[PDB]
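Only one structure is covered here, and it is reproduced in the block below.
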Amino acid sequence: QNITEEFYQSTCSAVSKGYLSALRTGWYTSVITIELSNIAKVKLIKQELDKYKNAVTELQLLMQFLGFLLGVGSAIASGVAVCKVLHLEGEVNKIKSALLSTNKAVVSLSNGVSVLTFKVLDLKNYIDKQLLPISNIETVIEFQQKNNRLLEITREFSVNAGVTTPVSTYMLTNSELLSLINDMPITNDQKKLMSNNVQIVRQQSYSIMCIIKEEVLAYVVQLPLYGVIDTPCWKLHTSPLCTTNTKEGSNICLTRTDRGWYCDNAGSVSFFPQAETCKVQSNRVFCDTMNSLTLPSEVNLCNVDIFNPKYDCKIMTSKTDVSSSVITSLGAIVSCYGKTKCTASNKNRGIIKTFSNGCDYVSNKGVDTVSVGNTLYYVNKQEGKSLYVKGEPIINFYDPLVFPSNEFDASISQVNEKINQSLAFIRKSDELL
Amino acid sequence: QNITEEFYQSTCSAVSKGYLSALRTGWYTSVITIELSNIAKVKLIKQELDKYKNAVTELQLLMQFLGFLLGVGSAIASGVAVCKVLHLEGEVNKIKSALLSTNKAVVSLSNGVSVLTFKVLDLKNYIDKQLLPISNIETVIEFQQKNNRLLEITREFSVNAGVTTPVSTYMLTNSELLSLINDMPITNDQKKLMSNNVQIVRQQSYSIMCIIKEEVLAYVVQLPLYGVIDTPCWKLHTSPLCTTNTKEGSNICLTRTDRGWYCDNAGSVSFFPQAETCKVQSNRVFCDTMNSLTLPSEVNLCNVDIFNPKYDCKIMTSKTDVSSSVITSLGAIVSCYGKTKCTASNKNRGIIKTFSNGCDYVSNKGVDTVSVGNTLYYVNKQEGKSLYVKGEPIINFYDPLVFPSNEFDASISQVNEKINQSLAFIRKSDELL
Amino acid sequence: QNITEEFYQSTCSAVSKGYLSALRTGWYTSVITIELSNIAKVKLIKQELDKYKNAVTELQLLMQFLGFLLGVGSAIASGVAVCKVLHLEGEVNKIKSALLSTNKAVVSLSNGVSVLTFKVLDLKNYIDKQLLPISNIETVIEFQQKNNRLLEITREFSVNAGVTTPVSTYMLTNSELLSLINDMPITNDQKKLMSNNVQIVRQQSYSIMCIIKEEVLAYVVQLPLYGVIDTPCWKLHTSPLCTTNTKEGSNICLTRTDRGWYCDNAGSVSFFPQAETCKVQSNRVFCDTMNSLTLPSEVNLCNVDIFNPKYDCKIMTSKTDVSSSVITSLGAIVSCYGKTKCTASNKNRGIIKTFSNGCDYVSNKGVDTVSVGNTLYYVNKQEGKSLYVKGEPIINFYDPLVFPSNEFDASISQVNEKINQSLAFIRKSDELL
């Protein structure tokens, strides 16, 4: 897989490279229908047939740091747009007519939308051609199986107010989901990616209850669409970088705020400031463009040179020199300040390194845990090569007398400009004397 | 329903009107009891009777932007207050005695609390009057049905440490929940609202495990109380408003921070800064006053005039001119800055509008998606009328030389006051020359 | 239990004492294995045996304020480290060989890790010694019971992408979990604590799907380790403290930002800024050191004296004088400002106190609810003694002309230092006249 990582002592940050993209860029909606019946061991069927009427009753009763820079979307706007078309007159019968001979038919909606309608369960057929004439053991088995799926679908929709996620196997089975993947108009690369990670596909999917009317239960499944695949991705880990003066309250701190996931995307870079919104499966990174910013590709220069003139690297400043650790992909960043006991240990041998005041780093080769104060961090044991890029911490380049003490959404240039405003004021008033 | 929306080009904000309120203002607590038994196809009953003892064993083992301005409540403080009364001596028998003939009896607690006690399952009767004498198929059916509910109730309480939400149908069935709604001392308007949105009621409810003692399992259901209904509500959408100078790093930005839900409430306005804490069902807005601030009604003047003297409109400032979009109720706000490609498209025809640098807006009439950079947003297809209120963007009225560069919790007056402090300093030092 | 609480009028804060610690400090990993079969009422077994093959198919398809100051850990790094060892050649057979006679055997891994391997379900034995020879009712019962557990384990892993939490009873039963607690190398105090709060243990546990290969399904259970028990804990509640001038926009506010849980830990204090990450069971406080900072023990002096020279107490400043309430353990803090109607009421008697502008406090003795504006707060009815420590609000000691108007991550000394910079500038320019 070749996962690599570089730590930067100058900026107290680390970049993990070698990942491949899998970005949710669009949606694939399809209408899923279940035909209903409008109504010895028969006591078993009578009981199961009353669970049926309770599920129909429940369904009809249902319808009567930089994360703040992100936009605001409507996650199920595309799926709900299909439900509202189905509420029109004759639109449900257009589906019920095309699904009279086959189970998977493309019904063009009245507004020119080509939805892939798929009937997955035919209780109308099984109830109207097997039980209304009224004894084999398979008949009670085949009914308790088809009815159990309707009960689970009803169970999820009632507890989730008609919108469920992830999409369960009762909403859409693997045999049916893999059938949709082979029929949607996408690349073979996209089909192979979805087929090998169906659980990730289910977690990024939505199941929206639309309508139950005229012996038909319809709900829209909103499937993810991966329009960006196999592009380079890298994760940026940052930690506070402070000075280490002896007396408390005399130290200045600096933290890069642009941490998160980065993936090359169409000549630009997609930046995901909330790394918790991306799921990692080996070297594949599943993200969602809804939680991303589109930045110029020059943003990658901040990791090698934070003072470059092409991009203005984002930082925040404070005077809070508290100790903590950031567990990276192949190691651990450690910000040790004050009287905190910061160590890195091995399970078989114990403490093998004691960190000094400042920001340091250790790799997972030989290290299993790090301890910062009273917090024990287990490190990731992923195979990969780390590189310790030595350098002077940039916080030493600043004079604490004219240092902007508390900025939350600043940058290297904003700090330098605010320093010049202070130095120019000192310069002009020193001349008065 | 008549949902309307106005966009304000001067402040890069939009207001969606035409909604009706449904605010959770109080709680209705009731004690739910399940009487227990203290102990051919009999092999089916013996198996189901051991699931019974496992559930009893598990139950006894169980008991041995402006969101930061909100207060801090205790969500289940009212329900837990009822559990602690039931732990007193003889208080469980007061319930077990009044529920000896009827299933729904009002037992006045020792501290003057009038709780509506409701026995929903009588396993003590079914086990002590149908199986201890010891073969009909209905007896195995009626026992596997009553026992399955106890197993599900036990399943939810163990995984949730005795506090579950939403309240499932096993905790309280629709027939029992609708019985409680008809018996609680509230308006007919309140009863009709809860009966048509039982799934929303379940999501705003709590189920608290109290005690299992003396053949009685007691748990308190905490139901929502909607003391504010059918008042006007409106949602405010905001987006960053920046200048569009050519060179990077020379632009100033301004964002209204008072976005969220607003509902008229008792001469004041309830403001919900986290719009994700409110659920929209058509034109009804279900919120919770616990996540609200009580503001004067003059706060609505900020949408028409952000420089009014009656209310001080809240804004934040920055120099970060990143592009993004905010999906409104009937359209989309687009903040396009820098080299970002911002478009609005139709599914059948493609790109129909290309946005320029600045803050613009488009309605859902004819537009299905907007693209900002690498992010594709689907717009809501709700029926409604939008109005583009043209105006000069207020960010052009400020001089970047004396602009407060980074404020996170400021207002129009706070910015103007900080500008005067800079202009008065420039004025008095220019006179020295 | 002796829960006490002191309110501090000078700083608008309250401390709840009398709690005992239960801190998750490490992890206990163990490998859980399920042996699989590689393949009248027989129609019931044929149906259940096809559910078996569907579960095996699904499993193989699965593998192909101050919170921002916290560090970043990898929660399942220790459990995943054990999965990656099991993927090595012959490592699964080392477990399958040692579990040939007994169900609980310690298999030393190839990297010197001593994992406690535990086989909980033997479907390979039941299928290969009871059904392949092919009619008793118990055989269909004993198979539908063992198979149902595999179906639930498969159900949770598929919807959670192979990592589930809390750990359900199907992943690990109470009889098996209590067996692991008695065998792990910890104190009797630690074993008794886990045995009385198994549901809390399950909520702090992880179940990680490792591998399914060679008729063996292996998944690692990651159990919490409580290395800090029965130490004093206390919770700090804070609320905005503002001036109460008549005209709007002329008031300054001050809020202590160090609210959260505090527990004495190894000569230092573990601070949990997100009190929502700690669970309270009576007087026991279950937290996780991953969400904690390690502060000096002198931090407790801020509650008695916020101007002490030993520790620099953290505060934030603003001009936003909005009303709200903070529900404490034994009472309620009320910040009433402006025209807001703030009251405290009793259920039987109604309003018993009307708050004035400023920050006040009331205890739960006699008070059941407080109302701030349009928000009704229920107070906790925990038994305990409150103490109202009177004092002058510190916000009156500041001159609004030289008050730092908006600081988000500041302290008492940072504010005083920024005031001296303003007073020294006023002093030197007044001399010019």
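Residues are referred to by chain and number: the chain letter is A, B, ... according to the order shown in the structure tokens, the number counts from 1 in that chain, and ligands are numbered separately from 1 in the order shown.
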Exercise answer, chain C residues close to chain A, 6 Å and only C-alpha atoms, as a list in words: residues 64, 71, 72, 73, 77, 78, 81, 158, 161, 289, 290 and 294 of chain C
Could you please write out, as an MDAnalysis selection string, every residue of segment 211-320 of chain A that DSSP assigns to strand (DSSP E)? chainID A and resid 211:212 216:238 241:242 253:256 260:265 268:272 279:281 284:288 293:295 314:318
Can you tell me which residues surround residue 109 of chain A at a distance of at most 12 Å, considering only C-alpha atoms, apart from same-chain residues fewer than 4 positions away, and format the answer as a list in words?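 Using only C-alpha atoms, the neighbours found are residues 30, 31, 81, 82, 83, 84, 85, 86, 87, 88, 89, 90, 91, 92, 93, 94, 95, 113, 114, 115, 116 and 117 of chain A.
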Tell me which protein, DNA and RNA residues are within 10 Å of residue 152 of chain B, counting only C-alpha atoms, leaving out same-chain ones fewer than 4 positions away, and put them as JSON, numbers by chain. {"B": [55, 147, 148, 156, 157, 158, 168, 169, 170, 171]}
Just write the chosen residues, C-alpha atoms, as an mmCIF file, in the first residue's frame.
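Written out: again38.cif:
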data_model
loop_
_atom_site.group_PDB
_atom_site.id
_atom_site.type_symbol
_atom_site.label_atom_id
_atom_site.label_comp_id
_atom_site.auth_asym_id
_atom_site.auth_seq_id
_atom_site.Cartn_x
_atom_site.Cartn_y
_atom_site.Cartn_z
ATOM 1 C CA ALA B 55 -34.622 -10.903 30.897
ATOM 2 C CA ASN B 147 -42.546 -12.451 26.300
ATOM 3 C CA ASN B 148 -41.052 -10.965 23.121
ATOM 4 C CA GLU B 156 -33.133 -1.526 24.830
ATOM 5 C CA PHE B 157 -32.553 -0.764 28.518
ATOM 6 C CA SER B 158 -29.349 -2.819 28.731
ATOM 7 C CA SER B 168 -40.036 2.323 20.794
ATOM 8 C CA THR B 169 -43.346 0.562 20.209
ATOM 9 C CA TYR B 170 -42.319 -2.111 22.726
ATOM 10 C CA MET B 171 -41.838 0.512 25.445
#
Quick one: DSSP alpha helix (DSSP H) residues in segment 134-270 of chain C, as a ChimeraX atom specification? /C:137-159,174-183,188-196,198-203
Would you compute the distance between atom CA of residue 120 of chain C and atom CA of residue 180 of chain C? Give it in Å to one decimal.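 If I compute the distance from atom CA of residue 120 of chain C to atom CA of residue 180 of chain C, I get 11.8 Å.
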Find the residues around residue 231 of chain B up to 8 Å (only C-alpha atoms counted), leave out those fewer than 2 positions away in its own chain, and share them as an mmCIF file with N, CA, C and O atoms, in the first residue's frame.
data_model
loop_
_atom_site.group_PDB
_atom_site.id
_atom_site.type_symbol
_atom_site.label_atom_id
_atom_site.label_comp_id
_atom_site.auth_asym_id
_atom_site.auth_seq_id
_atom_site.Cartn_x
_atom_site.Cartn_y
_atom_site.Cartn_z
ATOM 1 N N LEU B 20 -45.328 26.927 10.918
ATOM 2 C CA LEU B 20 -46.121 26.902 12.138
ATOM 3 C C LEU B 20 -45.357 26.171 13.233
ATOM 4 O O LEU B 20 -44.636 25.203 12.965
ATOM 5 N N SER B 21 -45.527 26.634 14.469
ATOM 6 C CA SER B 21 -44.714 26.158 15.577
ATOM 7 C C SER B 21 -45.274 24.880 16.187
ATOM 8 O O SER B 21 -46.460 24.565 16.057
ATOM 9 N N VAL B 228 -46.723 25.617 22.988
ATOM 10 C CA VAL B 228 -46.726 26.676 21.983
ATOM 11 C C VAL B 228 -47.003 26.018 20.638
ATOM 12 O O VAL B 228 -46.172 25.250 20.135
ATOM 13 N N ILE B 229 -48.163 26.314 20.055
ATOM 14 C CA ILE B 229 -48.619 25.674 18.824
ATOM 15 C C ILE B 229 -49.137 26.744 17.872
ATOM 16 O O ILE B 229 -49.747 27.731 18.301
ATOM 17 N N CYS B 233 -43.393 30.886 12.505
ATOM 18 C CA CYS B 233 -41.981 30.550 12.579
ATOM 19 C C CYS B 233 -41.300 30.934 11.275
ATOM 20 O O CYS B 233 -41.920 30.934 10.208
ATOM 21 N N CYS B 263 -39.273 31.579 16.253
ATOM 22 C CA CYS B 263 -40.707 31.374 16.406
ATOM 23 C C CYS B 263 -41.251 32.363 17.424
ATOM 24 O O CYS B 263 -40.689 32.502 18.515
ATOM 25 N N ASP B 264 -42.335 33.046 17.062
ATOM 26 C CA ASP B 264 -42.998 33.951 17.993
ATOM 27 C C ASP B 264 -43.534 33.170 19.184
ATOM 28 O O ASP B 264 -44.191 32.138 19.022
ATOM 29 N N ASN B 265 -43.247 33.661 20.387
ATOM 30 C CA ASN B 265 -43.579 32.923 21.602
ATOM 31 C C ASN B 265 -43.825 33.916 22.729
ATOM 32 O O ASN B 265 -42.874 34.505 23.252
#
Best match for closeness to residue 66 of chain A among A:337, A:425, A:261, A:355, counting only C-alpha atoms: A:261
